[PDB]
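Worksheet: the structure to be examined is printed underneath.
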Amino acid sequence: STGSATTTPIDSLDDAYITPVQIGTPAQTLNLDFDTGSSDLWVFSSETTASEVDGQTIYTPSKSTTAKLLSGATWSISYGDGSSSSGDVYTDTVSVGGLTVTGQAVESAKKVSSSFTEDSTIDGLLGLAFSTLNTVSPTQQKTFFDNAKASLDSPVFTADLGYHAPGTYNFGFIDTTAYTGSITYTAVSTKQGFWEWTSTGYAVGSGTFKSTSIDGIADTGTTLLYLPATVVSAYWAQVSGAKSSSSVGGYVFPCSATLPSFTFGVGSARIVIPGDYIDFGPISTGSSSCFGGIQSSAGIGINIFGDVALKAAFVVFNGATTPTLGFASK
């Protein structure tokens, strides 16, 4: 089997992407944030504290003939941005882009933090990291991909995120029309539960490439590119007036700037992030200070190849017995 679903930016900045997901019988379609940096499929639901729901579409398990309480199971998750959610668990039929999994753990939120409430466009998350990170207790649950894997034509999914435009998540096949040139594959460590890999270096604009190993994670659920402070300083030094602002929470730059590109290495291959991808617009409405899309990972504890990086590439998440990651230009 295979699946193919379009993923759509939630706003004009590509802050996140939503993908429609069918849950239950008859189908309830919710728009979920596919997150290769976590491993829980959770939804706003009929159980979510009413004051914490503001415009989201909810899953109502009592209206699904295939829903079953997973008795005694609870979940609770905290994300890198400080947001969180928790609740109980149902199993139900879940379909993405025509690919169906029966008996998927659907984690029903009883509570969500303010950031989730305030974002009316995201109805929940669909985790695509390794199932070892799943938070369900006392019986850890598998991701949608892990459950689907055996049925897939090939044990892979791909992320093809758009810049200010829709893109695609495919399951079970590689669309050879969706990228240019060849795909370069690189080793993955699953030791921390992430799609963790080592970039071979970087360049700023038309500058020379610096060969240096940068360990980080491919994380579709993180908006920006977070890299070591040395790398980030080298990038922003090429933008007149750019500076790190503790009050704003990162590097800002004059909105009048033209940003240089940023290149990262994948083996001997190179992925170029155009300068425009690094512009996250005014820090507050009408400001002439703009927020940068490359930020320091210092104090996160890990480097993160988030959407800014991934949307410059066609990315293969190869879930074979020895997982790997592939990157192609597009």
Side-chain angles (χ1 to χ4, degrees), residues 2-5 7 17 19 33-39 80 126-133 143-146 148 152-162 167-176 178-190 192-202 209 211-228 231 262-273 277 294 297 300 302-330:
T2 63
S4 181
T7 192
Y17 298 78
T19 309
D33 184 352
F34 282 24
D35 180 14
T36 64
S38 70
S39 306
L126 189 150
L128 292 168
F130 293 88
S131 294
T132 53
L133 294 180
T143 71
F144 175 82
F145 178 54
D146 207 343
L152 295 178
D153 291 356
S154 182
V156 305
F157 69 91
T158 64
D160 180 8
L161 303 179
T168 305
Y169 282 103
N170 291 330
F171 293 83
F173 72 105
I174 286 158
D175 180 358
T176 60
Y179 60 88
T180 60
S182 55
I183 306 177
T184 299
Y185 290 86
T186 195
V188 165
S189 173
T190 63
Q192 294 189 92
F194 300 121
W195 293 92
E196 187 171 4
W197 64 290
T198 303
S199 172
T200 50
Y202 70 99
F209 186 85
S211 292
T212 184
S213 294
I214 305 171
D215 295 341
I217 66 167
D219 184 1
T220 58
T222 290
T223 313
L224 308 184
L225 174 53
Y226 294 88
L227 291 173
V231 177
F262 184 89
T263 301
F264 63 95
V266 183
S268 61
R270 306 288 179 253
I271 299 293
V272 180
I273 305 171
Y277 290 26
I294 296 178
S297 65
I300 294 177
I302 198 157
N303 300 305
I304 308 171
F305 294 87
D307 299 332
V308 164
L310 302 181
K311 74 185 166 200
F314 177 87
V315 188
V316 181
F317 295 79
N318 170 28
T321 302
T322 299
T324 65
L325 273 171
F327 292 82
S329 294
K330 66 186 183 190

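Residue numbers run from 1 in the order of the sequence given. What you see below is based on every heavy atom in this structure, not just the backbone, and it leaves out hydrogens, waters and symmetry mates.
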Minimal non-hydrogen separation, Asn170 against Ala5, with atom names: OD1-N, 4.5 Å
Residue pair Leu227 / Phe262, side-chain heavy-atom distance below 4.5 Å: yes
side-chain hydrogen bond (donor to acceptor under 3.5 Å, both in side chains) partners of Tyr17, counting only residues at least two apart: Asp14
Parallel, tilted or perpendicular, as decided by the 30° and 60° cut-offs, for the rings of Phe130 and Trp195: tilted
Main-chain N/O of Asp146 paired with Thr143 side-chain donor or acceptor, under 3.5 Å: yes
Nearest heavy-atom neighbours spanning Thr184 and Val266: CG2-O, 3.5 Å
Heavy-atom donor-acceptor pair, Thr19 side chain to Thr7 backbone, under 3.5 Å: no
Validation row: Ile273, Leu225 side chains within 4.5 angstrom (heavy atoms): yes
Non-hydrogen side-chain atoms of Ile174 and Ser154 separated by less than 4.5 Å: no
Where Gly193 and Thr132 come nearest, the two heavy atoms and their spacing: CA-OG1, 3.9 Å
Sequence-distant partners of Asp219, side-chain hydrogen bond (donor to acceptor under 3.5 Å, both in side chains), two or more places apart: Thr222
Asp33 to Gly221 - nearest heavy-atom pair and separation: OD1-CA, 4.4 Å
4.5 Å side-chain heavy-atom contact, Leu128 and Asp35: no
Contact check, side chains of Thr263 and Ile271, non-hydrogen atoms, under 4.5 Å: no
Partner residues of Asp160 under the salt bridge (charged side-chain N to carboxylate O under 4.0 Å, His left out) criterion, sequence neighbours left out: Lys330
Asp153 and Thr2 side chains, donor-acceptor separation under 3.5 Å: no
Plane angle bin for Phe34 and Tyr169 - parallel if under 30°, tilted between 30 and 60°, otherwise perpendicular: tilted
Shortest non-hydrogen contact from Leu133 toward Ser39: CB-OG, 3.6 Å
Residues that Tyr277 engages under ring pair (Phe, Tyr, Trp, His ring centres under 6.0 Å), provided they are two or more places apart: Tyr163
Contact summary for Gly265 and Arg270, nearest pair of heavy atoms: CA-NH1, 4.0 Å
Separation between CD1 of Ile302 and CD of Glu196, rounded to the nearest 0.5 Å: 4.5 Å
Distance (rounded to the nearest 0.5 Å) between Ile304 CD1 and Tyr226 OH: 6.5 Å
Candidate pair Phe173 and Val156, rule side-chain contact (heavy atoms from CB on, under 4.5 Å), full reasoning: CA-CA 7 Å; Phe173 72 105; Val156 305; 5.8 Å; no
Side-chain (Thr200) to main-chain (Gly267) donor-acceptor, under 3.5 angstrom: yes
Residues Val315, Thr158; criterion side-chain contact (heavy atoms from CB on, under 4.5 Å); working and verdict: CA-CA 6 Å; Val315 188; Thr158 64; over 6 Å; no
Backbone N/O of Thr36 and side chain of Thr220: donor-acceptor pair under 3.5 Å: yes
Side chain to side chain, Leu325 and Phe317, heavy atoms closer than 4.5 Å: yes
Residues forming a side-chain contact (heavy atoms from CB on, under 4.5 Å) with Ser199, sequence neighbours excluded: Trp197, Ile214, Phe264, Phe305
Contacts of type side-chain hydrogen bond (donor to acceptor under 3.5 Å, both in side chains), residue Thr324, not counting sequence neighbours: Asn318
side-chain contact (heavy atoms from CB on, under 4.5 Å) between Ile183 and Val316, worked out: CA-CA 8 Å; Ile183 306 177; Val316 181; 3.9 Å; yes
Student check: side-chain heavy atoms of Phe327 and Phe314 closer than 4.5 Å: no
